[PDB]
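Please treat every number below as a calculation from the coordinates, not as lab data. Note that each Cβ is placed from the backbone with ideal geometry, even for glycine, and that neighbours are counted across all protein chains shown.
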Amino acid sequence: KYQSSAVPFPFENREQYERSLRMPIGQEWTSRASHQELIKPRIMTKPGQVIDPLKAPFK
Amino acid sequence: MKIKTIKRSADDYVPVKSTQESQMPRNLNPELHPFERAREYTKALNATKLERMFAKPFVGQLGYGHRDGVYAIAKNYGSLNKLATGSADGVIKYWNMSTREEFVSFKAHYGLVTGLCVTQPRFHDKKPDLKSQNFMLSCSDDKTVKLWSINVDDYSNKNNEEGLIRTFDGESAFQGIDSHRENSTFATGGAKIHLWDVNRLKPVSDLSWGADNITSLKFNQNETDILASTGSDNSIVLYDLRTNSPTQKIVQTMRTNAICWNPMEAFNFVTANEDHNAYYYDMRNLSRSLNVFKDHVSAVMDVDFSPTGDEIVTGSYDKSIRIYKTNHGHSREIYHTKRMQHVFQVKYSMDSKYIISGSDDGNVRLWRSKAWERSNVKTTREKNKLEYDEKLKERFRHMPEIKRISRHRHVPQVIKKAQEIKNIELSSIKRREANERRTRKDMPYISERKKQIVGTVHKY
Amino acid sequence: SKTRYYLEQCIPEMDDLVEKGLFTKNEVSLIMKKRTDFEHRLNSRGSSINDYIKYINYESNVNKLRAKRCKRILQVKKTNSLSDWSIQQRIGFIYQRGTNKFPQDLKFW
Amino acid sequence: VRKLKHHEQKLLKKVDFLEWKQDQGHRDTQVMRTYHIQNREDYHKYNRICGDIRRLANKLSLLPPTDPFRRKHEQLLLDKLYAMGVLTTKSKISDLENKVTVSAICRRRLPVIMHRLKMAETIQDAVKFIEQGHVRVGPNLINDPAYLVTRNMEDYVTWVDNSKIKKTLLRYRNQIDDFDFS
Amino acid sequence: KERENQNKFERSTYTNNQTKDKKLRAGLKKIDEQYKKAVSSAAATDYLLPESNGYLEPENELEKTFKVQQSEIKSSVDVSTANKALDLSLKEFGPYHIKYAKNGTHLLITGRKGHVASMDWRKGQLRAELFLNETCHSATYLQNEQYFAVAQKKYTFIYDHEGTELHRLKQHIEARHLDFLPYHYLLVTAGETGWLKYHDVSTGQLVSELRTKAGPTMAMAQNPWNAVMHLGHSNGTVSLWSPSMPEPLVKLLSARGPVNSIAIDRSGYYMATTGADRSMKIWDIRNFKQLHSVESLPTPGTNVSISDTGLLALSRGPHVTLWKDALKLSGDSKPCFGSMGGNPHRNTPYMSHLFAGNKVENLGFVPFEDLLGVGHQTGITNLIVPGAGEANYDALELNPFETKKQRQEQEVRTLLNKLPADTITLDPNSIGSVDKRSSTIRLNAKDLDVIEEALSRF
Amino acid sequence: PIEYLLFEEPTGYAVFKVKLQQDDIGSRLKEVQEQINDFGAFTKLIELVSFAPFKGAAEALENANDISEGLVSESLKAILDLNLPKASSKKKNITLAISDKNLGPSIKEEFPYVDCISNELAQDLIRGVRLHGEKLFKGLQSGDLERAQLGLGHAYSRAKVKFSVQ
RNA sequence: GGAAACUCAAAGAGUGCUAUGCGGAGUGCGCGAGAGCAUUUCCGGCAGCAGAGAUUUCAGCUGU
């Protein structure tokens, strides 16, 4: 129950899965700058303002 | 012979004065830090357990609720903390969501209110002051559309014209409203779809294909000239107002309850129809509904996107709303409470943080979207920790007990029974289909996304 | 601890400054030692403008020694590396930190 | 160890550094504080005996109710435990599971019967006295507190003579005779 | 971007010896791109570590490294370390087993007669000093100075910081060797009965009653990198064990006769063992290959201990002999006793120290100093061994300047992040893997006589 | 959208920039109404950017009179047009957060490129900065606030009641 | 048996404490500008000239 059952969806075999999981991301095994740049979410919203639907390009 | 040892020296490591902070000297050696995988795996277990014990999503309702049951909800798309809300006894209100009470309320129409939106109108005889007062509008069952003012108190530029600045009159009933978010031109679904602006009391255009009513409609957020609608022909009809014409129609199996466009992709929308799944359609290729969000048990009443464009929210006729990621097709999270019932209109607040659910028992409620996060500013150690183990749960998502913990919710047992008997009959249909596929020559494979489409005008 | 973030913000300039032959590691570890102590005393608790002043003084002196060993060893005015702007830009960064933390004293201003 | 916060206490409930499950509520510690037992393992060398006699009473109840080996050995064991004073009455064989206790086989020890017949006033003081060598049972002196007594010898528990506590209590009552050297 | 310790900082993978999906392709190229960036920026820290390891060298051709007196180095070294080289003399109680903490902060001495003292040794601080009358074979600390378990005559006891007892273990019916797996919070015991048994000391549970089926356990030793316990029995078998499966994982056959001691390198990569056949073996562990085998050292090796810089320590009864550069894979790095005619291709030992008349019962290095605590009959001695310690300890886990508040917080942090007792594995990187079955490439539900010829047709 | 706020003190006016916006929907929550009681998490919202003290105590009484009648005085005009950025035509109207709807229209008339907000959110972080107070300035003032408002209180009371001097 | 401390050890609570994120330009756009785009466009070279500035720094030219 520790190794997963099959290969999950975005990957295709176990070399893909293990090459994903090969680097720990904690601040122990990695530096602070590489930590704080390795971890940040894909979206990142500012907390208290309305989000406009984007209208780009040529304003 | 040269001898040197460590020179620990007890000054760089313990501070000279009693206030400044000591070093934490630090060696990033894999030799030093022994178990990478097991340690951060257990940190992922602790993170999933912590979100399952911090998932407290219900914020609170707002006001004492309506009288008969919320059937229409419209956020305003240019301010955060207010939304309009109309219930089908006839009563429409303009809620302020900071203090959680209304600015004003009115007995709007005789019958049901069937649609309402908000507007930044432009009259040709006025600087329309869209900052000291705020305008909504509503179409209803008694063949009337009413454009309405609200004396709002958010600014203090001033120191009076409260309700019903003008009325539109239609020959048949009305069902839906939305407004072109420029040039004050809005559009109504009734027995036939009419396009009109706020400056003239007649429909500027008929727009329908033929004789079939228009159950809902919605404008676009960008390419604002384009819009979509859903008719009781079980049909999606896209209209373009530049050519002033309908432009394509597809017919599906069961009736589409409610459309909502994408704010980010701008040519993808979501239809919520009465078979128990929502359909993330494209626009340019309307023959393959490019995602199907499946996990419901009854008719899906409405849906809208998050403003961040990648997480949508469906509210359905079973007493439960649920929030989907865009690129999965199954429930990220289920919200339900015992007092909410037959939840009809769920919308997403304009900062992608709160989920407003207007039910049928009258109440309109607030929820958080990320049900485990909290809404205060965080010191950067908390921000780094929560973001860290968020990423950590994300990469250890497929371990078979992190998955069962992060997948475990508690659904009401009506939804539990309906979901499991839906599972056993779907397995039965799959088995009997497998038997026919074993024998018969050509029963061709149809995709799950292409299954529900029964037709499309303009094949190419 | 953001002191670790500043302390490994300052690594690449000394990396290039060591791999070109003007310092050796046996003394860039010494200036890294004193820089560690200065950063800790700076963004610790109960700090002071005199700590900021001594950090500015030390960084200006190691800038002058950098230019001195640049014109002595390499016999050029600069080596167009990352270091030459970096050391005074982080002096300005120290100044910015000190003005934000202590906008009182017009001496430091 | 830190009086953990609410989320930490929720994330680990089963931690307890002090009291584990296999301590059985620390009853060996509790009763050896109750009866002031000097050495370790004395509780368990009593508890082995308690488990032994309930094992033997189990096997004797298993043996059928007619044979003289069973009836003679069960009345023999009951009389032996009465003669060691572990019981108080010659009761039923059901009291060989309700009434034999490690507390009872402790209660026949020397300092606790000494405190029981008020020779000392607390059991710690009784271990003080019989570790200093003042008491005897019959003729012979007792130096170790592990000597539990029999039903017979709860009567000749007396101090030795020239024990100066005996001299001080006799001179308290001023019946201090000094021809008998104490 | 060179980063010479990249060969130290790499993390290997289960490999084959290119795709078609564009999204998967770009995801993989981003993944290994940020892997290379994280490895380079992680190995950009050796500029930031404070001080280098100590060392010595002959810097002549006449004198040698091993014939250097402790008096001489105690004169030529600084006052603080020369003062830290303590020599306790305790005579009346027995031989003194020595266990430092995981940092260098405390020290636990056990006399075989009755005497256990947990004390700070850097500052002289009595924490818990108790004479319990029965014999104590060995003892250790649990996670801090706050708890220490003593293996008494039969029952194993654990004790508080001030000397009170907390648990008389009803199990561990005897004990000879204790150890503590620190990240797992597992107190592991082995002894005269053939029972290796594990105890989760946090929740007070047992974990594994493993039957050894090999008589008593002559010496046990923890692998500090995958947390398997290496027992060495009377057969010469050094069998290494995990609490998850009863059968011993891997049964090395190192020596002949009984195995006297085992010691694992802190990188998990080498195992040094001494037997009663007068033999010492160095072992690869990750490939299970006998590296080289010093046969016929002139007396039975009593104990071996390896420092944190790969530094071999062999106790030859009254001797302590230390080899540097003994844990390579060459033929030069076999530890010998003589450079025959001055041969520059031998390991004449790094240092040596002959004691007076007292058998040394256990070596053990000090974690973050350059000195080893050796325990003998009449007491304890620290020996200044100048290359025997990580100068750059990592203060995120264990700290030799740790105060009370950060002591409580560091132990409760490890108590939340205790690894469960099942994931003790022969290799630590087999948790995020897939199963060995349920094959690698995933499938997405799309692919799951002429007269006889005349007398055919019938 | 609350970019600046103006806090009126006994010693003089202060104008704060707003770094992070407070949350608008969950403003009645426990975890949001406690961050205006925590100082180290209130300073993640509000940065001090200007502080003009009153020159004399007579001008202090004059400014207190002008604020109590809701008028704009000249020192207030000075600090506002120093700190507030001039906007373009109607896009991005700059925004103050003041404490009363009567001071609203007067500075709207004095500055048509400035918009005034006094809602629950504005009064919320106003009372946050009033609670923490002199810890925001880190000594950047010449005055102690309790004794300053003692003197200002007796002055304002006396001038309101026309208490005689003979 | 009661009482002194800089005797130590272990817990708890309160008060605090900030707890705290290629470059000058020049060149065309972005509604007097930098909040981005983009660079050989000269430079961040050499000595001297002479205007300055506290020996070492700036201001404009010759070649380079």
Need one value for F:100-107: mean number of C-beta atoms belonging to other chains within 10 Å of its residues' C-beta atoms. 3
Could you point to the residue in D:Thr122, D:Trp20, D:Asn47 farthest towards the positive end of the stretch D:1-151's charge dipole, with +1 and -1 charges on the Cβ of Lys/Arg and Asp/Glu respectively? D:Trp20
Burial order of peptide ranges C:45-56, B:296-307 (average beta-carbon count within 10 Å, highest first): B:296-307, C:45-56
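For the stretch E:198-303, just run the numbers: alpha carbon Rg, then divide by 2.2 N^0.38 Å, N being how many residues it has. Write out the running numbers ahead of the final one.
Numbers: Rg = 14.0 Å, N = 106, 2.2 N^0.38 = 12.9 Å.
Relative to the rule-of-thumb radius for its length, the stretch E:198-303 sits at 1.08.
Restricting to DSSP H runs of at least four residues, report the calculated mean residue ellipticity at 222 nm for chain D, -39500 (n - 2.57) per run over all residues, nearest 500 deg cm²/dmol. Walk me through the numbers on the way to the answer.
Numbers: 9 runs with 88 residues, N = 182.
Only helices count here, giving -14000 deg cm²/dmol.
Using per-residue counts of other Cβ atoms within 10 Å, averaged over each peptide, order B:328-334, B:263-269, E:146-152 from highest down. Mind dumping the intermediate values first?
Details: B:328-334: 16.9, B:263-269: 19.0, E:146-152: 24.3.
Per-residue mean Cβ counts within 10 Å order the peptides as E:146-152, B:263-269, B:328-334.
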Below 12 angstrom from the Cβ of E:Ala85, what's the summed charge of the other residues (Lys, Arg +1; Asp, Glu -1)? -1
Which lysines, if any, have their Cα less than 30 Å from the Cα of D:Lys166, not counting same-chain residues under 8 positions apart? D:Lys118, D:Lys128
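Rounded, prolate or oblate: which fits chain B when a ≥ b ≥ c are the square roots of the eigenvalues of the alpha-carbon gyration tensor, with rounded for a/c under 1.5 and prolate only if a/b beats b/c?
Numbers: a/c = 2.26, a/b = 1.43, b/c = 1.58.
Verdict is oblate for chain B.
What does the charge add up to near B:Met443, with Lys and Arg as +1, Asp and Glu as -1, over the other residues with Cβ less than 11 Å from its Cβ? Walk me through the numbers before you get to the answer.
On the way: positive: B:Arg437, B:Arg438, B:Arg440, B:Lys441; negative: B:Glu433, B:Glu436, B:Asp442.
Taking every other residue near B:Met443 into account, the sum is +1.
For the protein assembly as shown, give me the percentage of DSSP beta bridges that are antiparallel, rounded to the nearest 5 percent. Don't skip to the end; give the middle numbers.
Details: 218 of 224 bridges.
For the protein assembly as shown, the DSSP antiparallel bridge percentage is about 95.
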Under 17 Å Cα-Cα from B:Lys338, which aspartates and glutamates qualify once same-chain neighbours fewer than 8 residues away are excluded? B:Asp318, B:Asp360, B:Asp361
Computed magnitude of the charge dipole of the stretch E:95-174 (debye, nearest 20; Cβ of K, R +1, Cβ of D, E -1): 220
Using the structure shown, list the pairs from B:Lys422/B:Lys459; F:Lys55/F:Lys162; B:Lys450/E:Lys22 with a Cα-Cα distance above 28 Å, or answer none. B:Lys422/B:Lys459
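Treating only the Cβ atoms of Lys and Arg (+1) and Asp and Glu (-1) as charged, compute the dipole magnitude of the stretch E:1-123 about its Cα centre; round to the nearest 20 debye. It would help to have the intermediate numbers written out before the result.
Values: 23 positive and 17 negative charges, 228 e Å.
It works out to roughly 1100 debye.
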Among residues other than B:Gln221 whose Cβ falls under 14 Å from its Cβ, what is the net charge (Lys/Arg +1, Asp/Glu -1)? -2
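Restricting to bridges with both residues inside the stretch F:1-139, how much of the DSSP beta-bridge set is antiparallel, in percent to the nearest 5? All intermediate terms of the calculation are to be shown ahead of the outcome.
Values: 12 of 16 bridges.
Here the antiparallel bridges make up roughly 75 percent for the stretch F:1-139.
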Determine ³J(HN,Hα), in whole Hz, for all residues of the stretch E:143-149 in sequence, where each value follows from phi through the Karplus function 6.51 cos²θ - 1.76 cosθ + 1.60 and θ = phi - 60°; x replaces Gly and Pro. 10, 9, 6, 6, 9, 9, 9
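Given the pairs B:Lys391/C:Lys25; E:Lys99/E:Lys324; B:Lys403/E:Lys20; B:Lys383/E:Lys405, which span a C-alpha to C-alpha distance of over 25 angstrom in this model?
Values: B:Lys391/C:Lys25 36 Å; E:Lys99/E:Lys324 23 Å; B:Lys403/E:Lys20 28 Å; B:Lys383/E:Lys405 23 Å.
Result: B:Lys391/C:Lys25; B:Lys403/E:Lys20 exceed 25 Å.
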For the stretch C:24-66 versus the stretch D:147-182, the gap between their alpha-carbon centres in whole angstrom: 83
Tell me, what HN-Hα J-couplings in whole Hz come from the Karplus equation 6.51 cos²θ - 1.76 cosθ + 1.60 at θ = phi - 60° for each residue of the stretch E:424-429, using x for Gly and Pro? 5, 10, 5, 10, x, 9
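If you place +1 on the Cβ of every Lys and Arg and -1 on the Cβ of every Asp and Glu, how big does the dipole about the Cα centre of the stretch E:321-380 come out, in debye to the nearest 20? Don't skip to the end; give the middle numbers.
On the way: 5 positive and 5 negative charges, 48 e Å.
Rounded to the nearest 20 debye, it is 220 debye.
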Which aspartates and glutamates does C:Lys20 reach when only Cα atoms under 15 Å apart count, and residues fewer than 8 places away in its own chain are ignored? C:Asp84, E:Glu2
As a quick test, which of the pairs A:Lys59/F:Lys17; E:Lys251/E:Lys418; B:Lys249/B:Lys451 have an alpha carbon distance above 21 angstrom in this structure? A:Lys59/F:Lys17; E:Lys251/E:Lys418
In nm, to one decimal, how far is the modelled label at E:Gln18 from the one at B:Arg255, with both set 7 Å along Cα→Cβ? 5.6
What is the set of long-range amide H partners of F:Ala97 at a cut-off below 5 Å, with H atoms built 1.01 Å from backbone N? F:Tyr4, F:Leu5, F:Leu6, F:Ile117
Sum up the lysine pairs in the stretch F:73-151 that clear both bars: alpha-carbon distance under 24 Å and a spacing of 8 or more or different chains. 14
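Peptide E:379-389: average number of partner chain Cβ atoms within 10 Å per residue? Spell out each step's value before the answer.
On the way: counts 0, 0, 0, 0, 0, 2, 1, 5, 3, 2, 2.
Mean shielding count: 1.
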Given points 7 Å out from each Cα along the Cα-Cβ axis, report the D:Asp155 to E:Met340 separation in nanometres with one decimal. 9.0
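With n ≥ 4 as the cut-off for DSSP H runs, can you work out [θ] at 222 nm for chain E, using -39500 (n - 2.57) per run divided by the number of residues, rounded to the nearest 500? Don't skip to the end; give the middle numbers.
Working: 6 runs with 56 residues, N = 458.
That calculation yields -3500 deg cm²/dmol at 222 nm.
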